[PDB]
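Structure assessment
If you want the building blocks of each chain, they are given just below.
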Amino acid sequence: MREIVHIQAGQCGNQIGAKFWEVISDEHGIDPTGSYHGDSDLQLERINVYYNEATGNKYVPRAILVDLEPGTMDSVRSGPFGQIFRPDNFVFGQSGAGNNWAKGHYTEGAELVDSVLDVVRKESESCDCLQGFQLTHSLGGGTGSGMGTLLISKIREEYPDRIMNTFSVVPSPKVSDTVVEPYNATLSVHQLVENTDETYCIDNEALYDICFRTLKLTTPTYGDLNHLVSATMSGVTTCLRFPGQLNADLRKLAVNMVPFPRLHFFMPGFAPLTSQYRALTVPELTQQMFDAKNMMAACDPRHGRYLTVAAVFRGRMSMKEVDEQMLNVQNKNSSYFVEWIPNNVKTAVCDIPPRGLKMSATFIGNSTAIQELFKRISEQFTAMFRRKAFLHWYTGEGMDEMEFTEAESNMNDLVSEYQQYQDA
Amino acid sequence: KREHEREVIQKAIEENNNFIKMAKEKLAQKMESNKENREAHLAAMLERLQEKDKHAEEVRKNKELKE
Ligand SMILES: Nc1nc2c(ncn2[C@@H]2O[C@H](COP(=O)(O)OP(=O)(O)O)[C@@H](O)[C@H]2O)c(=O)[nH]1
Ligand SMILES: CCOc1ccc(-c2cn(C)nc2-c2cc(OC)c(OC)c(OC)c2)cc1
Ligand SMILES: [Ca+2]
Ligand SMILES: [Mg+2]
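Topic: the interface of chain B and chain A
At the interface, 8 residues of chain B touch 15 residues of chain A. Buried area between chain B and chain A, both sides added, is near 940 Å², and the carbon and sulfur share of it is 46%. It is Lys1, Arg2 and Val8 of chain B that lose the most area in chain B upon contact with chain A, and together they represent 49% of the buried surface on that side. Counting every contact that joins chain B to chain A gives 4 salt bridges. Residues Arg2 of chain B and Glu157 of chain A are paired through a salt bridge, measuring 3.4 Å at the closest nitrogen-oxygen approach. Taken together, chain B and chain A are joined by 6 residue pairs in polar contact.

A closer look at the sheet that holds strand β6 (residues 130-138) of chain A
All names here are of chain A. Strand order in this open sheet of 10 strands is β5-β4-β1-β6-β7-β8-β9-β12-β10-β11, and the pairing throughout is mixed. Here the strands that pair on one side only, and so sit at the sheet edges, are β5 (90-92) and β11 (345-350). Looking at each pair of strands side by side, their axes are set apart by 20° on average, direction ignored. Looking at chain direction, strand β10 (residues 306-315) and strand β12 (residues 359-367) are connected through 9 bridges and run antiparallel.

Overview of the pattern of salt bridges
Throughout the structure, instances matching the rule amount to 26 salt bridges over all chains. Put simply, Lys11 of chain B and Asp400 of chain A hold a salt bridge, and the shortest N to O gap is 3.4 Å. Here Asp400 of chain A lies in the loop between α14 (392-395) and α15 (401-423) and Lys11 of chain B lies in helix α1 (residues 2-64), a pairing that spans two chains. Classification of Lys11 of chain B by relative accessible area gives partly exposed; the value is 30%. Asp400 of chain A gets classed as partly exposed once you look at its relative accessible area, which sits at 39%. Across the salt bridge formed by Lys54 of chain B and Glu51 of chain B, the nearest N and O atoms sit 3.5 Å from each other.

Focus on the UniProt feature "binding site: GTP" in chain A
All names here are of chain A. Those residues carrying the UniProt feature "binding site: GTP" are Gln11, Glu69, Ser138, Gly142, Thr143, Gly144, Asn204 and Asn226 in this numbering. A maximum C-alpha distance of 22.9 Å among these annotated residues, which run over 216 residues, shows that they spread across the structure rather than meeting at one spot. Examined against the element boundaries, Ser138 turns out to sit in strand β6. Those residues within four positions of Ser138 in sequence are excluded, and the remaining contacts are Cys12, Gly144, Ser145 and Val169. Mapped onto the elements of the fold, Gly144 is located in helix α5 (residues 143-158). Classification of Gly144 by relative accessible area gives buried; the value is 5%. For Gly144, the contacting residues outside a window of four places in its chain are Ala9, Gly10, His137, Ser138 and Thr149.

A short note on the site of ligand 2
All names here are of chain A. Taken together, 18 residues sit near ligand 2, with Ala248, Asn256, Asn344, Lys346 and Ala348 positioned nearest. Summarising the interface, the protein chains cover 91% of the accessible area of ligand 2, which totals 600 Å² for the free molecule. At the level of secondary structure, the elements contributing two or more residues to the shell around ligand 2 comprise α10 (250-257), β10 and β11. A total of 5 residues in the shell around ligand 2 trace back to one element, the largest contributor, which is β10. In terms of residue class, the shell around ligand 2 is made up of 11 nonpolar, 4 polar and 3 charged. A domain-level breakdown of the shell around ligand 2 finds at least three residues from each of domain 1 (1-259) and domain 2 (260-369).

Calculation notes
Sequence-order numbering is used: residues on each chain count from 1 as written, possibly diverging from the entry numbering, and only residues with coordinates are shown. A letter from A marks each chain and a number from 1 marks each ligand, given out in the order of writing. For clarity, the chains displayed are a part of a larger assembly, and the values are limited to that part. In computing side-chain values, all of the structure's heavy atoms are included and hydrogens and water are not. Residues with missing side-chain atoms are left out of burial classes, side-chain pairs and their counts. In this analysis, two residues are considered to be in contact whenever any of their non-hydrogen atoms come within 4.5 Å of each other. Buried area: the sum, over both parts, of the accessible surface (1.4 Å probe) that disappears when the two are put together. Throughout this description, the term salt bridge denotes a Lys or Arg side-chain nitrogen within 4 Å of a carboxyl oxygen of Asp or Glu. We define a polar contact as two N or O atoms separated by no more than 3.5 Å, with the added condition that, inside protein, one atom must be a possible hydrogen donor and the other a possible acceptor, whereas residues neighbouring each other in sequence contribute only through side-chain atom pairs. Two strands are said to pair when DSSP picks up at least two bridges between them. Labels follow the DSSP assignment, with helices taken as runs of H or I lasting at least four residues and strands as runs of E lasting at least two, numbered in each case from the N terminus. Structural elements are reduced to axes, namely lines fitted to C-alpha atoms, with helices fitted over the stretch in contact, and the angle between N-to-C directions of any two is expressed from 0 to 180 degrees. The buried label applies to any residue whose accessible area, calculated with a 1.4 Å probe on protein chains only, is under 20% of its type's maximum; exposed applies above 50%, and partly exposed to all values in between. UniProt positions are given in the numbering used here, feature names are shortened, and annotations may be inferred rather than shown by experiment. Throughout this document, a residue counts as near a molecule or strand when at least one of its heavy atoms sits within 4 Å of that molecule or strand. Method for areas: the Shrake-Rupley scheme with a 1.4 Å probe, in which residue coverage is limited to the protein chains shown. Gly falls in the polar group here, along with every residue not listed as nonpolar (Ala, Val, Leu, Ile, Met, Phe, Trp, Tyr, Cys, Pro) or charged (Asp, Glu, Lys, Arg). Where each domain starts and ends comes from a domain assignment, either automatic or drawn from a database.

Rendered as structure tokens:
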């Protein structure tokens, strides 16, 4: 099991996805046209996880670009690393999704979904041993939310035994396109609970506050929000992309991180937070990555308990001092880690650091506090839904009010389920 | 879920079509009811003017038939 197939859905999906590929191509020494111009053999030793090798020794990403309008995917092609993606893997409709789940899932997206899966199959067929799939998308809009969750269901039908990861940008009024986002998010969450093994909850509320408060950016763009995401995305995928001895796959992570199948909603963190000259000591990275300020999902981890943690330190450092520091926060704050899962924090180290920093730390937490994020969207949903506000946009595409009442209830059970183990 | 996906898009077509149908018919009802009403008005106007002619024939005979 080596190969991962990547899909990126809609505006946000394709935007953060582009940056993920820009970031990791740089770490692997792969230039904008697809040729390798690095130095180490360690850059190429697990390049087959995210790249196909082409004629004339070009490296092309195993990446499929999906949208219901040509806007964003045109910008990706014009953008800095656009010439590397296989042009056949640009699959786009024309009419758009209008920030409407129904359009993405049931009508406009239904028309395009088969043509997307053909390319998925095309990239899968030439995988020595396909391990799984990862999707970048948002739950607030139409395409990424609706069509993204449809593709997830189609991919599961056709490849029911592979791993399905998502990097899912959860919405927020602080960084809002449209009032209907909580509807879209809530319909998507119900899908993700069934059809994904891991879902990385990127919350736009959190990314804003990190950009605003802890980076001193007064007026942050989506660009500033996506820097944080593409750094985090490089961080969690480090151990797949590099050697070694203590090397990794998706399924073992999914197994060890997810004690109950519906509870697979992780809370990312990164340290230090960038947009520097003093390198951080190991005790600082450990303090920072566990800080609520560094979390990408706007939840206070003190309001719940960790079921499992996974931590990935990058850089040349004392593995003695990492162990010692990781054992310090566990032994000094043991009330916030469940007692009934022994040794539930796993640490890995990787010698290659990311562009800019001499040593970093990425944090993956399956905390019960993540219920707060779903409670927030569940409140935003009901304020509107209790007056059937804005439903005409969805019922016009064939949707029923029953489907909304279901998706509401499924997510309120998810919050109950997370609350259950926060007390036990 | 696959049969539900088709049930939604079939319903989306059904009501889009139904809106065209009941618009198309409601408009036909009005344009026919109107044309009936407008001609009913102009027929009664002309029938009162045709009744004036028959009275003017009684007046033109009462001159002839009173000599
Ligand atoms: N972090 C981040 N969020 C985004 C970006 N673009 C859109 N969003 C968020 O995603 C939601 C809208 O989804 P969008 O991707 O525009 O719609 P789609 O193209 O139909 O999937 C809103 O909650 C936006 O705040 C982006 O570049 N970065
Ligand atoms: C709560 C314990 O969580 C764990 C324990 C072990 C593993 C694991 C086992 N293998 C063979 N590989 C991993 C692993 C660990 C990671 O964390 C440092 C990974 O980074 C996210 C990883 O990447 C896929 C694999 C996993 C979780
Ligand atoms: Ca169409
Ligand atoms: Mg948008």
